[PDB]
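Have a look at the structure below before the remarks.
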Amino acid sequence: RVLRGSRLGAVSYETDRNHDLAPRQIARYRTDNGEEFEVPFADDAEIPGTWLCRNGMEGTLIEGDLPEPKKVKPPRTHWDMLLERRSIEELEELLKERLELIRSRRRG
Amino acid sequence: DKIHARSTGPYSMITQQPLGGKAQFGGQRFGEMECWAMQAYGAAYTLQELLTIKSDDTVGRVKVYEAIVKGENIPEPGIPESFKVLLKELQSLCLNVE
Amino acid sequence: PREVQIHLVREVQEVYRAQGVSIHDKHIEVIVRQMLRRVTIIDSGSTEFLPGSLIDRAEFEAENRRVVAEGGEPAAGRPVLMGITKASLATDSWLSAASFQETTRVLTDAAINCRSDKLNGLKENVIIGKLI
Amino acid sequence: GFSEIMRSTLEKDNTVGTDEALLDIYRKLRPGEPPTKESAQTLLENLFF
Amino acid sequence: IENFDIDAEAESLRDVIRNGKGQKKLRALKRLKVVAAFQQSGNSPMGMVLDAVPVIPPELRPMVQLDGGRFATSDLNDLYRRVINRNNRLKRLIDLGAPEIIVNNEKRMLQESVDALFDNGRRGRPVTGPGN
Amino acid sequence: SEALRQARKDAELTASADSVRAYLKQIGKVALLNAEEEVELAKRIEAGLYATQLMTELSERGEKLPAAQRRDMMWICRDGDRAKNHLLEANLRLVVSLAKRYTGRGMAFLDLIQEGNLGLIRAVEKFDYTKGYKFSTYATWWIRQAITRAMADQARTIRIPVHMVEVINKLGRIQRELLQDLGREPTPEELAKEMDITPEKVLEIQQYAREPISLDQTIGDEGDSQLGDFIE
Amino acid sequence: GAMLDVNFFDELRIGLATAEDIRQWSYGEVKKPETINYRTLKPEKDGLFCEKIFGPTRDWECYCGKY
Ligand SMILES: [Zn+2]
């Protein structure tokens with residue numbers, strides 16, 4: 001009869017010890033627009049120099065640890081889409097025909 | 001078909017109220033005019049119990065149960081859950097509710 | 001204003017006489033005192049008022065004592081009777097006023113005016129669960 | 001024919017002409033588009049007849 | 001709103017309600033109400049425009065599954081999804097470069113989405129779903 | 001005719017409460033084109049792209065730029081942009097014509113239209129004129145692909161990757177066809193034979209297919225009775 | 001004025017929220033219209049239920065399950 005539900009998460013019942021914790025470092029992070037952010041990592045924890053902060057952007061670490069700059073590639077350009085079907089000499093002949101077209105526009 | 005009581009049974013999902021209805025254990029709807037009458041008696045404390053620690057104070061309810069079965073004094077009612085729901089909605093409507 | 005209380009009380013009580021219902025008039029007289037809480041204001045005078053503004057008689061009296069010295073131009077006041085659904089809505093506690101009508105227009109001015117509620121009525125302390 | 005109603009409405013027509021009243025009914029029916037007179041005679045027959 | 005000295009129109013409206021006549025005076029009064037309201041508190045009309053939209057915490061708009069895995073949304077997730085999608089699409093078209101009819105149309109769609117997210121049916125037709 | 005024109009121009013600009021109608025009236029202002037117009041505009045597009053390529057290799061000091069040559073190659077570079085924007089503004093009506101048939105299924109109409117505009121951008125990017133066809137035929141594939149991609153992505157409250165949406169649509173097409181031509185309701189084992197898969201996979205796909213219901217419907221007989229309250 | 005809920009205020013000041021206050025309240029820009037993964041039933045990354053943004057669904061449990 002009664003329809004029941006469960007939000008898919010675990011609920012335990014323990015003591016909130018504010019005294020007996022795992023000790024922990026705090027890493028300061030600096031974003032692109034100079035925003036400071038102090039992420040609490042654990043003690044036994046590798047600190048990534050990059051971190052998506054609370055700002056909604058990427059915030060690098062406040063030290064000069066030199067993370068990897070790009071490790072990426074450009075997606076594609078309209079010129080790449082153009083070059084997949086046409087020749088460089090084809091586009092250069094079109095460039096010369098539009099040069100003559102602007103010549104007829106200008107002084108012809 | 002009608003006799004229907006509840007000490008502590010199931011609760012609602014979105015709100016934290018005790019889920020009424022005889023299909024459940026089911027509370028009683030402590031409506032508006034009952035709030036009026038218990039205002040008119042001037043009984044502030046019983047109204048505070050009925051609107052916080054029998055209804056929506058989530059951490060208050062287990063402390064009430066613990067104080068009863070330990071036989072200790074009933075603790076102070078905390079903030080009701082529905083008021084915090086109202087506060088979060090009003091903060092979510094871009095209104096700084098200081 | 002005196003007779004209009006005596007007009008309101010006896011006329012309403014005349015109905016409950018007709019049904020054989022004993023209502024002591026001081027239960028009526030609580031309501032009539034609540035209706036005439038506010039007077040109307042037509043002059044700005046000297047201290048920030050508007051024509052047709054409905055403000056409390058005692059508060060209109062309150063500002064005048066501080067303003068008869070340093071610019072003694074009081075607001076031209078007139079006691080007015082305002083109705084039940086209207087006198088309820090023209091309260092200072094916007095949180096109490098939120099439970100009345102189209103709650104947007106209760107609130108959009110309230111955040112504009114930054115009107116801090118003081119939780120002093122027993123209606124609002126019910127909502128936050130304070131000891132009323 | 002035998003009423004002040006028919007006299008007052010015959011004088012309070014303020015839209016005289018057969019197809020004028022056709023396109024008047026049609027432009028009251030459409031509003032938001034150019035009309036056409038021949039559809040005004042038949043959409044009447046469509047929507048009721 | 002950025003290039004708006006509010007105090008200038010405040011003093012202008014002060015002068016108009018001081019010296020004016022007719023409904024222009026009462027109209028300047030009705031404007032002077034909200035002008036002095038913004039001038040009085042520590043608010044600013046910069047917040048009347050919106051630059052970032054907050055999200056209500058997700059337990060208040062939960063997605064609970066039932067027996068047989070029947071999920072139950074909370075009808076705000078669809079509005080939030082529409083606003084999120086329109087903002088992402090607008091960002092993509094802005095970084096791409098598009099004709100301004102497309103860009104302004106996407107901005108208008110974003111605006112209508114935010115407006116319906118706050119109050120569905122306040123402007124235009126109300127956004128409905130299954131069963132209308 | 002001036003009376004019907006006057007009444008139509010009076011009744012045409014009343015409210016404009018519909019943003020879809022406003023967008024329709026907005027995009028109806030640019031004129032259509034033909035094949036040689038497409039050829040000319042695409043020539044301008046490729047010329048401006050080669051112009052900005054020459055500018056890109058000219059960004060380092062490969063050549064001393066003359067004033068007239070710098071300004072006319074920049075003229076060509078912006079000219080290709082003008083031609084491309086002209087083409088997109090021409091074919092927005094084609095986008096409307098395609099999007100008008102895939103409504104009534106989850107998504108919003110202007111959102112479908114804008115995703116079709118993105119697909120139209122990709123089509124006019126990857127469009128060739130030396131192949132010598134109408135632009136609309138080639139653009140139709142890209143626009144309908146972007147439309148189906150958007151309807152697979154952003155039309156459900158839970159995101160489903162597009163292949164599972166495709167097999168859900170294939171199952172639904174097969175199921176409607178089987179309920180029609182079989183006359184009665186199909187068995188899932190017969191459906192699993194039909195799509196050459198396992199019945200347990202059919203059951204998992206049907207389990208994925210169930211869209212969630214909202215909690216904000218008046219499910220009880222009372223209008224104030226909320227469905228979200230009656231959940232243990 | 002403290003929101004730390006000690007059950008005494010005597011004051012409640014509504015007001016307009018600036019864009020700075022809106023970005024001050026939050027815990028990261030939610031940036032994807034993905035609510036719950038259809039297979040694992042766990043909240044998606046940076047979507048409308050993302051545990052990095054809001055918090056964990058399992059008590060004192062990090063999402064990968066390390067701590
Ligand atoms: Zn984890």
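Readers should treat all values here as calculations from the given coordinates under stated rules, not as data from a laboratory. Cβ atoms come from the backbone with ideal geometry, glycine included; neighbour counts cover every protein chain shown.
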May I ask you to list pairs of residues, at least six apart or on different chains, whose Cβ atoms are under 6 Å apart, with the first in segment F:10-27 being within 7 Å of another protein chain (Cβ to nearest Cβ) and in contact (Cβ under 8 Å) with a residue 60 or more places away in the chain and the second being surrounded by 12 or more Cβ atoms within 10 Å (Cβ to Cβ) and aliphatic (A, V, I, L, M)?
F:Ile27/F:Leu92
Residues being of a type in the set (D, E, K, R) and touching a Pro at 6+ places or on another chain (Cβ under 8 Å) - total across segment B:55-81
3
Extreme residue, surrounded by the most Cβ atoms within 10 Å (Cβ to Cβ), among residues of segment G:42-59 that are hydrophobic (A, V, I, L, M, F, W, C) and at the interface with another protein chain (Cβ under 7 Å from one of its Cβ atoms)
G:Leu48
Give F:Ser16, F:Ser59, F:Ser97 a once-over and let me know the one that is polar (S, T, N, Q), surrounded by 14 or more Cβ atoms within 10 Å (Cβ to Cβ) and out of contact with any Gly (no Cβ under 7 Å at 6 or more places or on another chain).
F:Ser97
Okay, helices (runs of 4 or more DSSP H) sitting entirely in segment C:21-98 with 2 or more residues that are touching a residue at least 40 places away in the same chain (Cβ under 8 Å) and under 29 Å from C:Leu119 (Cβ atoms), I get C:25-35, C:84-89
State which residue is farthest from the other protein chains (Cβ to nearest Cβ) when the search covers only segment F:174-232 and only residues that are surrounded by fewer than 11 Cβ atoms within 10 Å (Cβ to Cβ) and more than 35 Å from the chain's Cα centre (by Cα).
F:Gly183
Pairs, first facing chain F (nearest Cβ under 7 Å) and within 15 Å of F:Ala90 (Cβ to Cβ) in segment E:93-105, second in a helix (DSSP H, G or I) and acidic (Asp, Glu), C-beta under 7 Å, six or more apart
E:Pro99/F:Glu89; E:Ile101/F:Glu89
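Yes/no per residue for (1) among the charged types (D, E, K, R); (2) within 14 Å of chain F (Cβ to nearest Cβ):
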residue	(1), (2)
E:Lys30	yes, no
E:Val34	no, no
E:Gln40	no, no
E:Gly47	no, no
E:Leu50	no, no
E:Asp75	yes, yes
Please enumerate the residues belonging to segment E:1-40 that are β-branched (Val, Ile, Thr) and under 16 Å from C:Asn113 (Cβ atoms).
E:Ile6, E:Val34, E:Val35
Pull up segment G:26-67, narrow it to residues that are aromatic (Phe, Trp, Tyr) and closer than 23 Å to E:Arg86 by Cα, then point me to the one that is farthest from the chain's Cα centre (by Cα).
G:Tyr38
Restricting the search to segment D:3-27, which residues are of a type in the set (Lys, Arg) and more than 10 Å from chain F (Cβ to nearest Cβ)?
D:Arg7, D:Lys12
Here the qualifying pairs (Cβ atoms under 7 Å; residues six or more apart or on different chains; first in segment F:67-93 and over 16 Å from A:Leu94 (Cα atoms); second crowded, with 21+ Cβ neighbours inside 10 Å and among the polar types (S, T, N, Q)) come out as F:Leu92/F:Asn117
Test set (1) part of a helix (DSSP H, G or I); (2) surrounded by fewer than 19 Cβ atoms within 10 Å (Cβ to Cβ); (3) among the hydrophobic types (A, V, I, L, M, F, W, C) - F:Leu88 fails condition number:
(2)
Could you tell me how many of the residues in segment E:63-73 are within 9 Å of chain F (Cβ to nearest Cβ) and surrounded by fewer than 19 Cβ atoms within 10 Å (Cβ to Cβ)?
5
Being surrounded by 11 or more Cβ atoms within 10 Å (Cβ to Cβ) and more than 8 Å from every other protein chain (Cβ to nearest Cβ) is the requirement here; does B:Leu93 meet it?
no
Considering only segment G:54-64, I want to know if a residue exists there that is within 25 Å of B:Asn96 (Cβ to Cβ) and either touching an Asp or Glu at 6+ places or on another chain (Cβ under 9 Å) or not charged (D, E, K, R) (or both).
yes
Name the residues in segment A:1-42 that are closer than 30 Å to B:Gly9 by Cβ and loosely packed, with under 11 Cβ neighbours inside 10 Å, would you?
A:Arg1, A:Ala10, A:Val11, A:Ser12, A:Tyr13, A:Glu14, A:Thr15, A:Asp16
Please work out which residue is nearest to B:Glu49 (Cα to Cα), limiting yourself to segment C:86-112 and to residues that are in contact with a helix residue (DSSP H, G or I) (Cβ under 8 Å, 6 or more places away or on another chain) and at the interface with chain G (Cβ under 9 Å from one of its Cβ atoms).
C:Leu95
Can you find a residue in segment C:116-131 that is away from chain G (no Cβ under 14 Å), without any contact (Cβ under 8 Å) to a residue 12 or more places away in the chain and exposed (fewer than 13 other Cβ atoms within 10 Å of the Cβ)?
no
Quick count over segment G:21-67, residues being more than 12 Å from the ligand (Cβ to nearest atom), in contact with a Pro (Cβ under 9 Å, 6 or more places away or on another chain), in a loop (DSSP other than H, G, I, E, B) and of a type in the set (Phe, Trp, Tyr), is 3
Could you please find all residues in segment B:17-62 being β-branched (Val, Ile, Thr) and away from every other protein chain (no Cβ under 11 Å)?
B:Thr58
Is there a residue being acidic (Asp, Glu), more than 10 Å from chain D (Cβ to nearest Cβ) and touching a residue at least 60 places away in the same chain (Cβ under 8 Å) anywhere in segment F:28-46?
yes
Tell me which residues, restricted to segment E:112-129, are within 9 Å of chain F (Cβ to nearest Cβ) and assigned to a helix (DSSP H, G or I).
E:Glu112, E:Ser113
Failed item in (1) aromatic (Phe, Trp, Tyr); (2) more than 14 Å from chain A (Cβ to nearest Cβ); (3) over 25 Å from C:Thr104 (Cβ atoms), with G:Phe9 passing the rest
(3)
Take G:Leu4 and decide whether it is of a type in the set (A, V, I, L, M, F, W, C) and either within 15 Å of the ligand (Cβ to nearest atom) or surrounded by 15 or more Cβ atoms within 10 Å (Cβ to Cβ) (or both).
no
